[PDB]
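*Asks:* structure for this input, please:
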Amino acid sequence: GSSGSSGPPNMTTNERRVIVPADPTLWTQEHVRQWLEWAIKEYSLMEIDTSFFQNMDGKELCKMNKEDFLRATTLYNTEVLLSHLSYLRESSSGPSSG
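*Replies:* Numbering: from 1, shown residues only. What follows is the structure:
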C-alpha cells in the first residue's frame, strides 16, 4: 500500500456502498455484476473472472455450485461467495427461523 493505489473502477453510489435486495435470486443481470465487484473490493478477492458473470442473472447465480464457480473464481474466493450467497439466499427481509 502506502499511496500509489490504482484499483479498478468501483461501482457507483452516494458515498461507498452497494444497493441490492436481500434475496440474491432477485438480482438482475446487473446486480450479479455489482455484488461481484463489491465482494472483491471488500474481501480483497483476486484471480476472479467477473466476465463469467457478465450476463449471469441472479437466478443463474444462486444455482451455480462450487464447481461452476471454480471455473470463474479461485477456490478461496469460491468459498467466500458461496458462503455469502448462502445467507442472502436464506433471507428475504423476513424473520429468523428457530
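*Asks:* which stretches in the chain count as strands?
*Replies:* With strands called from DSSP state E, the chain shows none.
*Asks:* now for the closest residue to residue 35 other than its chain neighbours, how many residues are close by?
*Replies:* Using CB to CB, 6 or more residues apart in numbering and skipping the chain neighbours, the partner closest in space to residue 35 is residue 20 (5.6 Å). Where C-beta positions appear, they are placed from N, C-alpha and C, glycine not excepted. Around residue 20 there are 17 other residues, counting by other CB atoms under 10 Å.
*Asks:* residue 20 and residue 89, how far apart?
*Replies:* If you measure residue 20 against residue 89 using CB to CB, to the nearest Å, the figure is 13 Å.
*Asks:* also residue 25?
*Replies:* Here the criterion is CB to CB. By it, residue 25 lies 7 Å from residue 89.
*Asks:* what do those two both touch?
*Replies:* A shared contact of residue 25 and residue 89, defined by CB atoms under 8 Å, 6 or more residues apart in numbering, is any residue touching both; here these are residue 62.
*Asks:* circling back to that earlier point, the residue nearest to residue 35: what's it in contact with?
*Replies:* With contacts taken as CB under 8 Å, 6+ apart, residue 20 has the following neighbours: 27, 31, 34-35.
*Asks:* can we see that at 10 Å?
*Replies:* Applying CB atoms under 10 Å, 6 or more residues apart in numbering, one finds that residue 20 lies in contact with 26-28, 30-32, 34-35, 38, 58, 88.
*Asks:* any idea how far the residue nearest the centre of the chain is from residue 89?
*Replies:* For the chain, the residue lying nearest the average C-alpha position, counting by CA atoms, centre = their mean, turns out to be residue 36 (3.2 Å). With distances taken as CB to CB, residue 36 is found 15 Å from residue 89.
*Asks:* kind regards, and thank you for your time.
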